[PDB]
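Chemist: Sequence plus experimental coordinates follow:
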Amino acid sequence: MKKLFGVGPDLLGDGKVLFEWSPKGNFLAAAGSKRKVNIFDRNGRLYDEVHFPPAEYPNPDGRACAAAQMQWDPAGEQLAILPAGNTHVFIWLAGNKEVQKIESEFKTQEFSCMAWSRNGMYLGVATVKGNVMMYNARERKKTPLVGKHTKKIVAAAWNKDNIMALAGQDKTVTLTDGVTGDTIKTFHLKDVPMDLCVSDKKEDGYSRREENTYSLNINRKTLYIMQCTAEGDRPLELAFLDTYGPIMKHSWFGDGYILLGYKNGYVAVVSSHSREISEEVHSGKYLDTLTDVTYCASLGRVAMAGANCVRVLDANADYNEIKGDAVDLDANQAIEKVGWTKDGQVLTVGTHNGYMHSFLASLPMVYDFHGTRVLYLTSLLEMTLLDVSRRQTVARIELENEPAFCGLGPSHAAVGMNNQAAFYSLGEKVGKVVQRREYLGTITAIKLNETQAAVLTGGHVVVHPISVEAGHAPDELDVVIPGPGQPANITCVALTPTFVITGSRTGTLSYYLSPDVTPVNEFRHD
């Protein structure tokens, strides 16, 4: 991979880096030893800095993390930071930057773990005495629930059934409803778990599509799979080989698969169904240390957390160490948490002494084709007009605006965060700022030709020659193809020099011989 961004022990301190990505992909919150969380950007810039109050139970270990267990809800609206040794839960809003300090309603009781709902409207944060507070995102009220466990709940996860599930130190799994507040089911473990991953167990029979099968890594060696969907009520026993090491943390992923991250660098995958349950489909030695395993369920990428390096396993290619994706770091750190973006853009690597490490994955598909020339992208700052046939660089188009679209015209290239048209000429200057047209609507289907860009924005084919001279404005030069007074129905436009081909919803494939507004032909796609 190529290095995108990385922070030393300055905004984190000389400690372990624990992170979680937003599902939006534009926010990454990394917490280090010092009591500050660095919310990052898609480029890795510091989006927001939050300062914690002095903790009532400060951490005596320097090589650790200030946040006990933080996570992002799968909606991208709130960040629930849970600092270590505190009596508060910081809901960080990604919209207005304000920190919602939710005090503990259990009369100054130290929190242990939290869990985000898959729907996003529910939140359950656990204490070290087993008490779990209830918080709803849609109403902003705090509801205390006194008594769920008798000891510290190490981790917790929600499900799609709105059932609060907990992994407490009292060797119990409480499946309490998030609406009625009643314990629906209770599963008794044999020892102390440390994680809780709730995902579907697909079988060849009939199983429920909602998250109802739970899984807990017990003693960091043994994983129980109890089904609640349609079959059985017992934790179906899994026996794993002791030579592979201890599973430091499991994480359910894929089609019922289990990401068995064995602490000795071993990786296994166990399928979960009725016929064979205890078999290990994936078997291979990959590292010597595995302090963290993780999965992104969009690219099939499994990241390792070794003592010195980070190995990327491509689940699309049967968990192979792609060294073009794998990362070797300096021999003075120890990757404690490794992660992916929830949709997957950046390999996120956190070491034990504050080296924030983040690496751009396989490059995004920001490409447009106009003949053999391809307006593809090589990095988030510059896309590259590079011909496939010649493999010799034609244009390294710098993108001051965010790369979200590229309109490959023979004259210009329109880039921007789907409303800005950062028109980038491809002639005398590569990537020059021709126009910065923050359009009135989203730039849906722009089409650039030798003069104009058919900026189909707001359902209107905005047609305007991009090379606007000094003293002129493209805004008045926007020749709206379904002009003001004509209904807008075009959902794709093929701006060509011969014809401005506009694909309407009504089928009016209009053919404007003059590039502005006048047709000599109009195809009716009935």
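Modeler: Done, it's in. Numbering: from 1, shown residues only.

Chemist: going forward, measure contacts between C-alpha atoms and count neighbours the same way
Modeler: Fine.

Chemist: Nearest the geometric middle of the protein, what residue?
Modeler: residue 342 (2.3 Å; Cα atoms, centre = their mean).

Chemist: residues in contact with it?
Modeler: Contact analysis of residue 342 by Cα atoms under 8 Å, 6 or more residues apart in numbering lists 21, 22, 23, 24, 25, 296, 297.

Chemist: Can you get me a residue count around the last one?
Modeler: Using other Cα atoms under 10 Å, residue 297 has 16 other residues around it.

Chemist: I'd assumed residue 253 was in contact with it.
Modeler: Yes: between residue 297 and residue 253 there is a contact at 7.1 Å, judged by Cα atoms under 8 Å.

Chemist: With secondary structure added, can I get the contacts of residue 342 in JSON lines?
Modeler: Formatted as JSON lines, the contacts of residue 342 follow (DSSP: H, G, I helix; E, B strand; the rest coil):
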{"residue": "21", "secondary structure": "strand"}
{"residue": "22", "secondary structure": "coil"}
{"residue": "23", "secondary structure": "coil"}
{"residue": "24", "secondary structure": "coil"}
{"residue": "25", "secondary structure": "coil"}
{"residue": "296", "secondary structure": "strand"}
{"residue": "297", "secondary structure": "coil"}
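
Chemist: Can you tell me which of these comes closest to residue 510?
Modeler: The shortest gap between residue 510 and any of those belongs to residue 24, at 37.7 Å (Cα to Cα).

Chemist: Nearest residue to the closest one in space, please, no chain neighbours.
Modeler: Taking Cα to Cα, 6 or more residues apart in numbering, and ignoring the residues beside it in sequence, residue 24 has residue 76 as its nearest neighbour in space, at 5.5 Å.

Chemist: Next: residue 156.
Modeler: Counting by Cα to Cα, 6+ apart, residue 166 is the residue found nearest to residue 156 once chain neighbours are left out, at 4.4 Å.

Chemist: Show the subsequent helix or strand relative to the helix or strand harbouring the one you found.
Modeler: When secondary structure is defined using DSSP states H and E, the element that contains residue 166 is strand 163-168. Tracing the chain past strand 163-168, the next element assigned as helix or strand by DSSP H and E is strand 172-177.

Chemist: Check the offset of that following strand from the chain's centre.
Modeler: Here the centre of strand 172-177 is set off from its chain's centre by 28 Å, with Cα atoms, centre = their mean, to the nearest Å.

Chemist: Quick one: name whatever helix or strand follows it.
Modeler: strand 183-188.

Chemist: now for that next one, which elements pack on it?
Modeler: Other elements packing on strand 183-188 under the criterion 3 or more Cα pairs under 8 Å, 6 or more residues apart in numbering; DSSP states H and E are strand 172-177.

Chemist: what angle separates the strand it packs on from strand 163-168?
Modeler: Counting by axes from the mean of the first three to the mean of the last three Cα atoms, to 10 degrees, strand 172-177 lies at 160 degrees to strand 163-168.

Chemist: could I have strand 172-177 exported to CSV, CA atoms only?
Modeler: Written as CSV, here are the backbone C-alpha positions of strand 172-177 (Å, rounded to 0.1, in the frame of the first residue of the first chain):
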residue,chain,number,x,y,z
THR,A,172,-23.4,-14.9,31.5
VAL,A,173,-25.0,-13.6,28.3
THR,A,174,-28.1,-11.6,29.0
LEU,A,175,-30.4,-11.0,25.9
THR,A,176,-32.5,-8.2,27.2
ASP,A,177,-35.0,-6.4,24.9
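
Chemist: quick one: that strand to strand 183-188, angle?
Modeler: Angle of strand 172-177 versus strand 183-188, following the same axes, to 10 degrees, is 170 degrees.

Chemist: packing partners for strand 172-177?
Modeler: strand 163-168, strand 183-188.

Chemist: follow-up on the earlier one: quick one: which of the contacts of residue 342 has the most company?
Modeler: Using other Cα under 10 Å as the neighbour test, the contacts of residue 342 are led by residue 21, with 28 neighbours.

Chemist: which residues does that one contact?
Modeler: Residue 21 is in contact with 27, 28, 29, 71, 72, 340, 341, 342, counting by Cα under 8 Å, 6+ apart.

Chemist: same thing but at 7 Å, please
Modeler: Going by Cα atoms under 7 Å, 6 or more residues apart in numbering, residue 21 touches 27, 28, 29, 72, 341, 342.

Chemist: May I have the phi/psi pair for the residue lying closest to it once chain neighbours are set aside?
Modeler: Nearest residue to residue 21, sequence neighbours excluded (Cα to Cα, 6+ apart): residue 28, at 4.7 Å. For residue 28, the backbone dihedrals are phi -130, psi 120 (criterion: degrees, to the nearest 10).

Chemist: And for residue 316?
Modeler: According to degrees, to the nearest 10, the main-chain angles of residue 316 amount to phi -70, psi -20.

Chemist: What separation do you get for it and residue 301?
Modeler: Noted for residue 316: a distance of 8 Å to residue 301, by Cα to Cα, to the nearest Å.

Chemist: now residue 303, which residues is it bridged with?
Modeler: For residue 303, the beta-bridge assignment (DSSP bridges) gives partners residue 294, residue 312.

Chemist: Can you get me a residue count around it?
Modeler: 30.

Chemist: what ranges do the strands span in the stretch 101-250 of the chain?
Modeler: Secondary structure of the stretch 101-250 of the chain (DSSP state E, counting those that start in this stretch): strands located at 111-116, 123-127, 132-135, 142-145, 153-157, 163-168, 172-177, 183-188, 214-218, 222-226, 235-236, 247-249.

Chemist: Those: which one's closest to residue 390?
Modeler: Distances from residue 390 to each of the strands of the stretch 101-250 of the chain were compared using Cα to Cα; the shortest belongs to strand 247-249, at 47.4 Å.

Chemist: Packing partners of the very next helix or strand once past that closest one?
Modeler: Towards the C-terminus, the helix or strand next in line after strand 247-249, according to DSSP H and E, is strand 252-253. Contacting strand 252-253 under the criterion 3 or more Cα pairs under 7 Å, 6 or more residues apart in numbering; DSSP states H and E are the following elements: strand 257-262.

Chemist: which helices and strands does the strand it packs on pack with?
Modeler: Applying 3+ Cα pairs under 7 Å, 6+ apart, one finds that strand 257-262 makes contact with strand 247-249, strand 252-253, strand 266-269.
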